[PDB]
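A.B. asks: Take this structure first; my questions come after.
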Amino acid sequence: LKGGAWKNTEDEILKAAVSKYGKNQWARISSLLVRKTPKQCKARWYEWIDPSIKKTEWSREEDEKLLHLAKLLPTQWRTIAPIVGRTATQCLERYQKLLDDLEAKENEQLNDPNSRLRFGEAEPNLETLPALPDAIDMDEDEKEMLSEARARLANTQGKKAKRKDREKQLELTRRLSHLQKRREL
Amino acid sequence: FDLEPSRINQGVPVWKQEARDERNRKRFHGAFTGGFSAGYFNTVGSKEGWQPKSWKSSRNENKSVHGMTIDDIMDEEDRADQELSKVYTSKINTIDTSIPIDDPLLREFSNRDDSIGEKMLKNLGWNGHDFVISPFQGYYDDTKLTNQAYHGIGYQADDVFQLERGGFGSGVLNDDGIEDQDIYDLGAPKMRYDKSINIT
Amino acid sequence: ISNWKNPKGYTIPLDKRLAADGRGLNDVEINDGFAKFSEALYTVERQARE
Amino acid sequence: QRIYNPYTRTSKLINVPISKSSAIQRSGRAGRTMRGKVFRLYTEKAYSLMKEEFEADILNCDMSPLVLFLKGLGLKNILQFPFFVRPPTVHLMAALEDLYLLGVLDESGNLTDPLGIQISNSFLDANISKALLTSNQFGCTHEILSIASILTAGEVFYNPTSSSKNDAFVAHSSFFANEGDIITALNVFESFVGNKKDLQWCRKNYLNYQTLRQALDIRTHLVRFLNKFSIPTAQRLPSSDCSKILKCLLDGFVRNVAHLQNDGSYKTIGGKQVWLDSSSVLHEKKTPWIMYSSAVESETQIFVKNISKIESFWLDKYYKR
Amino acid sequence: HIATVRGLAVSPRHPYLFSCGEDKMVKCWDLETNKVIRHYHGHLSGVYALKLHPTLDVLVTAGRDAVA
Amino acid sequence: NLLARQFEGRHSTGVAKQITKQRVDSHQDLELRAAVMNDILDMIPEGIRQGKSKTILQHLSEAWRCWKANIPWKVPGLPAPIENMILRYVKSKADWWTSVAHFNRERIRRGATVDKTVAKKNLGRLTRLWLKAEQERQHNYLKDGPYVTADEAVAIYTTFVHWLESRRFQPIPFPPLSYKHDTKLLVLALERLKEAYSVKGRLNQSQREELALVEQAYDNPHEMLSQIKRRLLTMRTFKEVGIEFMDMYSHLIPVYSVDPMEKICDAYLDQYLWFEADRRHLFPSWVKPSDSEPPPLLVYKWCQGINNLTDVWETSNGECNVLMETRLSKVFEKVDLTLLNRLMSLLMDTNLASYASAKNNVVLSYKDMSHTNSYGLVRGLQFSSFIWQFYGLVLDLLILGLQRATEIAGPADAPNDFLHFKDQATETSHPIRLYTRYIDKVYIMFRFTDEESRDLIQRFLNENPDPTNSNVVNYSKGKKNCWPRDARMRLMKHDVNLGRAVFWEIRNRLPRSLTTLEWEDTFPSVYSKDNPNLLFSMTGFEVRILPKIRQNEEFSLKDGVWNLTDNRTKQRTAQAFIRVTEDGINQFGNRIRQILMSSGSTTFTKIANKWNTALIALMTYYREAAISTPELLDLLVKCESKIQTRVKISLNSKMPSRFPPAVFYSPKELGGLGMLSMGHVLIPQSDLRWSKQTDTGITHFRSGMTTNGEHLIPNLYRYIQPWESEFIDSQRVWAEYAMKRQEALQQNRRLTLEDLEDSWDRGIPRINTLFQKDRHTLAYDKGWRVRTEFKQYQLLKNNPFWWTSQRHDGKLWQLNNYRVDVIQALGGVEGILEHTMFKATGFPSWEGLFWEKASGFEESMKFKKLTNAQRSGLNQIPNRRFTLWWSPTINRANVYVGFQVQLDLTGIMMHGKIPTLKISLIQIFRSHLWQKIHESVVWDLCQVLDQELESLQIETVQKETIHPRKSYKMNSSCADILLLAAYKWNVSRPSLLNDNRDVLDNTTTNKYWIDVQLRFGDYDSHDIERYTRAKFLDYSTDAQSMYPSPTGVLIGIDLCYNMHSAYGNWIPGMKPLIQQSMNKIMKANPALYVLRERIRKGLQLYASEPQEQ
RNA sequence: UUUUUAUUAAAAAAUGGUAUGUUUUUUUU
RNA sequence: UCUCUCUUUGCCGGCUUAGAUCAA
């Protein structure tokens, strides 16, 4: 239906649509992607796609900054994220990884994930995951949406400006016919 | 009449179907069809006009002046709805249909709606006394049990999760809400109410 | 280059669109009182629990 | 599986827990070439409750053909026949009342006139055979013969699931009949033999050639069946009025009539609320009076098939006599 | 005034106060009643200046229509 | 001017066009652009390539848009002078923008505008302004650190810990996997989410996703419970939350839109937390609202609780009572999230506390604006009700102190009642007698001795010296001006000082970092030897308590006066005078105003339903308070009149004659609008000189809504039981039920129905709720009243019944006699139907008929995409049906003014224009129906003469070929069927078809003719006997007459009421033939039949239930 | 202590709902 | 001084509630 896993083609069409349209026309961008909603497109752009996100490995300075902030403001990742420099989901996942790593290094020499163990694993948030690599024949509906997107990105010329040029062409054809009739007369 | 080009509909069900077009144009006509014009052009008359026929009565010339009939004064909508509104007779269908008889209690009081079929059973020599039933009827009970709800065989389900005045309309596009229910209520007398409650 | 509209097509690369904002000039820092606040709260929590 | 309702003359596809025998067959299917394991998604306590063997189709189908068979053999009392399992009497009675109102049985329940025996000799159902047998009085057996052959053979149109749906629609777009699917089927059948039995033509027009061949075999055997009664089979209607074909059909589908309601549904003569199937051409034409053949019922809507329009005064004159 | 006021002039020989604005109309305020009494209408666009002739009973206004 | 324009031309060139309030913005833009071009052309030096104006204008527009969206707009390469000039002009434009927003919002609040567009524009402007301010506030919070200092936080945490351990509170655990009540809490949450939507097709993408998720949860619940618990344990970052404001025209409500799955998880957590907390006794009975009472019962409980205090009204020794109402000023905005998290970890599990705290730190986005919420508290979350209710239990301990809170609440194992103490020793040991927090409003009752009051005033005046006696100038901010003075507070110096001192002390009790008390929201009312009336305003009620001791006056014990009894002496000691607050009156007025201007107000039925719901929601909340308030009576009159005026205008004629009360107030099943009425009453009047200073008796009555003629439209309030009577009956019924339950428990019987038939639907929690099918699931729905009230921050649709739930309280009002009483008032069913087109339908009797809501054609197009004109027509169709039903009264002859114009090719006379009626009547006669009917009637008339073709006057009989335009012309009529006699007869004055004692031997006549003319009668004039008599006496007596015979016969047909009559000279045989033949005709003509069915289809009025059925 | 008097309204046009734009020659030499 | 090519080369639709909305 709607949603999914953000295949690489969808991410690329999102980047091109932001190139051509801007960051304040998410409904128009989401018209390109049949399987996604404007909220989902905006969420992916602001959570994964936009170039401002630093997807590189964690430097040590930002790691200690993250530790200090996570101590200062318990929870509250949406405000920790701007100060750290990464996104909120990145900060939360990094903090959880540090806690799990400390527990693993603790086990060699010897937090209650048992509460988190009593249930299943955390279901990953769809918009924050890396895009699925595309298959050689990535089905066929994607080709259809790619063709529509390609026609969309370069169409330009407005919508109803196609009437005036056509009318000029028809007038040129009719005047050419009139002149040709006169010369054959 | 070529039924118009039928390719226009294609798929695209109701909520994306453009608008009905009387003459391949987007426009309603008729007072009760949504148009701001009714009749010919907001008028009673017609394109050609209308004249009464000549009259002459001399006890032999009025014989050519016959009476008046239903069809001669109606139009295409009127005839269409006259055909639509003709429902009567039936009779024979109603006598041999529906639920003739079943279960011992109904045989006694309820009239056997089978009627002529009782004579047919006389032809079969039913002589049932105690009636005979078949496990299909236990499957006919399945017509009144469930169709399953995508659950497992042993799933016991839960009892909290199963669920099942007039005037003019507010407008078909104006929807429903807390606003549009009967303020005057006297329904649900006791079927929603218990007859007793445990005290302990 | 506007975040809102452009009547013609004129695709603009992401570097120019990104560079056109005052996000950098608006500083991102946190006051020093948050530290003292959090330490006091954690200490009183531990003391009250014990 | 499928269950038919005599009270409503419908059929519905319902989910049922499998029988014990099916469970053993499913378990034993794996393991043919090497050792295999089965994982049945329930508990043995659940297995302890299902009924052992699925009921017969003689107990889960339409018995109207069966009663014709016994009456043709000469069995006055159906109870005398040695049934392996007694069929439900109420179903037998539904079939018998249907046959009586159909005219194949008299007030005494015996076959009526040459009509009854001739219907008994027919392989098809008594409802469809009536049109063929009464077509001799009107000299138009051929088009009714084609209609019956198309109906018994099955669906003669092919609906692709890909983008070819528009192409299939345009291919059929030449043969949209204002009067319903039945005359549309007649036109398709008439022009099918008129295209040299070209298989490429059948592909191009999205027409099921296999169904048409099977209809050809059915009609040939029914021609032999009519010739058994010395009925000529060169009778065609030279006039475009399909009205008398419709008289024969209304004699054949007396019970299956309905008229449009304001809510978009149709009231069967038997007071049943039905909805038109999307496949039929007359999906939204709002035809005042309609006539169908088969009813398939879903959990909320009862759907009808083989849609054909009719006029009220035909029904009135037919019912009055 | 509907838009910005761009020019005022207190007549030294009448108890009047003329004003003009980018709303294209010139008003004559009667300072004895504090109410507008006269309207001077012809101006295709906003009016940017207003001056009163020292001797005659005449006033001059100039605006965006390139016309005084 | 017309002739000059005809002979001259437009002269359009060279003319100016004034700015007319629609060109203001588009002209202000031109002037600003020209000014910026001028400045550009100036600041650029010579020879610097002047071709740069357009780009600078684009930069200016972008800067303006960035300012509107609160974005920095910092451009790298722009030269400094251009940047400075752009900033200057942007600031100018922004100041203009803000000034216009201020002005228009004030105008909207007053009520001077009715534009839908202006309201929407101003809502957008205010949303942008508030969001800019809020973003700045969050930035300042991050900059300036936590406003609550470390010392304050430590003190708050310590006092909360000590309070919790004093009650031995057991912390809420994480919901285990094996939890008995999981399905019940889940189903309750799912029902409350579904209550928002309906079966309509207006569900957008988010609403459709919500419905799909709810259906999936019902179909398969257990993995949904598992998913909910998994997200509670693991998820800590959430999607953005949309923010918008809902316009109340006097304040704006912020509505938070949350994601579907997160909504489900929040709802389950809400239900679980509220159920667990109630079981563990977390909230100490002074937090409100509660499941125990609706707000009116809460007001009643304070009247009674105030009256039951020991020696409360005694003032012999200088004791004083101060009842301070106040609002915690900005307390939702100041919920420090980290302190909130640490506090919440005390109440519940660390995982639940972390989830609830991190759920409040979201990203709020309105359009292109967006900011992160890191300081305040988001009220749109489902569990936000619980979160606020215990953070406000913390403020309660700050205001009260731990000892007084423990005294008030009582022991944990044996909690006190609402406003009762364990004993008088504890009750009188502290000045604070009563306390109650209603969400964010605080009500405290103080009881001072002489020394305590004097010491408090002395302390207050030591720090706040008052040399000029300025404490009296601004004490009551016009709050209690509703009361007549001598019933307000008397501004004695000592009492004013005492009230201000109490406010000063209580305000000093609260840290400024987390809340404050504003004097403009606080009114401490003092009762002492000087002023006798205790005054307070709770919820929407204004209350004045006057003890019997201080009365010294006699007044009528009105319906709106509550008798306060004393539990010690079992006798009435005080009276509480109840009336609606000015805020409530304004709220109802604004509610009607937004009903009038909305999308759905197009159809008459919808606006009638809107009015009914609003009126019921008002009159059932303020039951007798709305009666004691003389402002609501006139407001109700005014607003009901304009609700009727909307219907009048939509028909393009607001003449009062056209719309008798039967059109509006007849029940829906009869074709009327079914409007409830409350403004058809006399408004009492008293002398205005002595009305603002004393309560004078009602000496005069001013009429309310006027009903033309003698009509008594029943009042809605007369079918609503007043609150005091309902409370008394409630107490009685619940006491007797308790005794009957005891006497059924003492034996081994089972309490049953038909044992309570006497008290079946009585008691504020109706007795019906005991024997309810869904009474086992509802035992786990807890904290529902607070949740229902908080639902206003989640949904954009206003909830009328926010104070009650039919599931828990029962149907508190039963309005069914209103139908029968208003049918009798309007004149019965026959009197009502006299106004309609019922007779034209030809239906025999009214009992079987019914209406069809939709025409099917409407149903088909209810989803298809349509043009605005087509949508307009679909909305107009029911109005057309309604107008056709009430045609005889709307198209009535007795009108004040209106040009009398005939409908073409038709005999209907139309007064006015009324386009809807005209189009309906055109449709009813869409072919040449009128003249066809006239010919088919004369044809059926001739055939019956061809039968009786051998009688008197049979010498000649001929029906002339009349002029085609004779049927629809009432200036004169040409001839019809002709009769000339072969002999001479004696006839007398022409007579009706009714007399048998008729003399026919007066004159000697020979010949007669018979003619028929058609009439479409109206309500005012439809007696066809007089019509035909006068018509015959006119047409025959007229000097010119195309009638051959000097005398004859005239018959008339009334198409609207299908009656008939005749007036003409009679011969034996002729009269019986017409008497027998007309009746057979009028049931058999094709013309009359087709008219009747085409009317029937236009009305959608069908016959009885199927005759087969 | 006997009696009273007090009576708002009110219909037409455009928005608004059979868009619009096009469209026929007497000289050459 | 011609011809060809390259390189350097300063360079030449507006407004409002983002107007409002959007499931095969």
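So the protein sequences, as listed, match chains W, y, L, z, K and A. Residues 4 to 113, 128 to 202 in PDB author numbering are what the first sequence spells out, letter by letter. Residues 25 to 188, 199 to 234 in PDB author numbering are what the second sequence spells out, letter by letter. Taking PDB author numbering, the leading residue of the third sequence gets 255, the next gets one more, and so forth. Taking PDB author numbering, the leading residue of the fourth sequence gets 325, the next gets one more, and so forth. Taking PDB author numbering, the leading residue of the fifth sequence gets 204, the next gets one more, and so forth. Taking PDB author numbering, the leading residue of the sixth sequence gets 677, the next gets one more, and so forth. Note that CB positions come from ideal geometry on N, CA and C, so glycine has one too.
#1: What do you reckon, are the CB atoms on A:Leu-1676 and A:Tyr-1739 nearer than 8 Å?
#2: Near z:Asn-384, what residues of its chain come up, given a Cβ to Cβ distance below 8 Å and the 5 sequence neighbours on each side ignored?
#3: The beta strand (DSSP E) that contains A:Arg-1113, what's its start and end?
#4: At a cut-off of 7 Å, is y:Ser-134 close to the ligand FMN when judged by its beta-carbon and the heavy atoms of the ligand?
#5: Name the chain A residues that come within less than 8 Å of z:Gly-588, Cβ to Cβ?
#6: Is DSSP giving K:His-244 helix, strand or coil here?
#7: Against chain L, with Cβ distances strictly below 8 Å, would A:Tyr-1051 count as a contact?
#8: At the level of alpha carbons, what is the spacing between A:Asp-967 and A:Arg-1461?
#9: Can the beta-carbon of A:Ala-1290 be found closer than 8 Å to that of A:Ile-1268?
#10: Going along the chain, which residues of the segment 827 to 846 of chain A sit with their C-beta nearer than 7 Å to a C-beta in chain L?
#11: Mind checking which residues open and close the beta strand (DSSP E) that includes A:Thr-1241?
#12: Is the beta carbon of W:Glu-144 closer than 8 Å to that of W:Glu-50?
#13: May I ask you to report which of helix, strand or coil DSSP gives A:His-1452?
#14: In whole angstroms, give me the CA-to-CA distance for A:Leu-1726 and y:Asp-214.
#15: Using alpha carbons as the reference points, say which of A:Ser-902, A:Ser-1060, A:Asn-1384 and A:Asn-1555 lies closest to A:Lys-1324.
#16: Which residues, in chain order, does the segment 66 to 82 of chain W contribute to contact with chain L at a C-beta distance below 9 Å?
#17: Would you check if the segment 584 to 591 of chain z and the segment 87 to 107 of chain y touch, i.e. whether three or more CB-CB distances between them fall below 8 Å?
#18: What is the DSSP secondary structure of z:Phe-637, reduced to helix, strand or coil?
#19: With a cut-off of 8 Å, does the C-beta of A:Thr-1014 fall near any C-beta of chain L?
#20: Got a sec: which bits of the segment 205 to 217 of chain K sit with their beta carbon under 9 Å from any beta carbon on chain A, in order along the chain?
#21: Would you say y:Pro-76 lies against chain z (beta-carbon separation less than 8 Å)?
#22: Roughly how many angstroms lie between the CA atoms of A:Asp-1616 and A:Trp-1489, to the nearest whole one?
#23: Name the chain W residues that come within less than 8 Å of A:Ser-902, Cβ to Cβ?
#24: Residues of the segment 708 to 721 of chain A in Cβ contact with chain K at a cutoff of 7 Å, in chain order, please.
#25: Smallest Cα separation from A:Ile-1743: which of A:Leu-1731, A:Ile-1630 and A:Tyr-1695?
#26: Relative to the C-alpha of z:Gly-504, which residue among z:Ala-354, z:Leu-606 and z:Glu-623 is closest?
C.D. replies: Once the coordinates are examined:
#1: As a working note, residue 1676 of chain A is residue 1000 in the sixth sequence. As a working note, residue 1739 of chain A is residue 1063 in the sixth sequence. No.
#2: For the purposes of this step, residue 384 of chain z is taken as residue 60 along the fourth sequence, with counting starting at 1. Only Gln-325, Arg-326, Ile-327 and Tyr-328 meet the Cβ criterion.
#3: The count along the sixth sequence starts at 1 and reaches residue 1113 of chain A at position 437. Unbroken beta strand (DSSP E) run through A:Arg-1113: 1108 to 1114.
#4: As for the ligand FMN, it is missing from this structure, which has no ligand bound.
#5: Numbered from its first residue, the fourth sequence carries residue 588 of chain z at position 264. Those are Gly-1532, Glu-1535 and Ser-1536, listed as they occur along chain A.
#6: Within the fifth sequence, residue 244 of chain K is the residue found at index 41, counting from 1. Of the three classes helix, strand and coil, the one that applies to K:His-244 here is coil, per DSSP.
#7: If you number the sixth sequence from 1, residue 1051 of chain A lands on position 375. So, not an interface residue.
#8: The count along the sixth sequence starts at 1 and reaches residue 967 of chain A at position 291. The count along the sixth sequence starts at 1 and reaches residue 1461 of chain A at position 785. Computed Cα separation, rounded: 6 Å.
#9: Numbered from its first residue, the sixth sequence carries residue 1290 of chain A at position 614. Numbered from its first residue, the sixth sequence carries residue 1268 of chain A at position 592. For A:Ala-1290 and A:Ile-1268, yes; Cβs fall inside 8 Å.
#10: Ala-829, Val-830, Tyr-833, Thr-834 and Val-837
#11: Indexing the sixth sequence from 1 puts residue 1241 of chain A at position 565. Run containing A:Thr-1241: 1237 to 1242, per the beta strand (DSSP E) assignment.
#12: Position 47 of the first sequence, counted from the start, is the residue given in the question as residue 50 of chain W. Position 127 of the first sequence, counted from the start, is the residue given in the question as residue 144 of chain W. Their beta carbons are under 8 Å apart, which means W:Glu-50 touches W:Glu-144 by this criterion.
#13: Working through the sixth sequence from its first residue, we reach residue 1452 of chain A at position 776. Three-state result, A:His-1452: coil.
#14: If you number the sixth sequence from 1, residue 1726 of chain A lands on position 1050. If you number the second sequence from 1, residue 214 of chain y lands on position 180. About 51 Å.
#15: Working through the sixth sequence from its first residue, we reach residue 1324 of chain A at position 648. Closest option to A:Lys-1324, Cα to Cα, is A:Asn-1555.
#16: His-71, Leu-72, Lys-74, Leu-75, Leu-76, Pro-77 and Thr-82
#17: no
#18: In the fourth sequence, counting from the first residue as 1, residue 637 of chain z sits at position 313. Note: z:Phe-637 maps to helix in three-state DSSP.
#19: As a working note, residue 1014 of chain A is residue 338 in the sixth sequence. Yes, because at least one Cβ of chain L sits closer than 8 Å to the Cβ of A:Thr-1014.
#20: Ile-205, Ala-206 and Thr-207
#21: Within the second sequence, residue 76 of chain y is the residue found at index 52, counting from 1. No, no contact with chain z.
#22: For the purposes of this step, residue 1616 of chain A is identified with residue 940 of the sixth sequence, where counting begins at 1. For the purposes of this step, residue 1489 of chain A is identified with residue 813 of the sixth sequence, where counting begins at 1. Going by the C-alpha atoms only, they are around 58 Å apart.
#23: Numbered from 1 along the sixth sequence, position 226 holds the residue referred to as residue 902 of chain A. Residues of chain W passing the Cβ test: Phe-136 and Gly-137.
#24: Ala-710
#25: Within the sixth sequence, numbered from 1, the residue matching residue 1743 of chain A stands at position 1067. It is A:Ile-1630 whose Cα lies nearest to the Cα of A:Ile-1743.
#26: Numbered from its first residue, the fourth sequence carries residue 504 of chain z at position 180. Looking at the Cα atoms, z:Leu-606 is the closest of the given residues.
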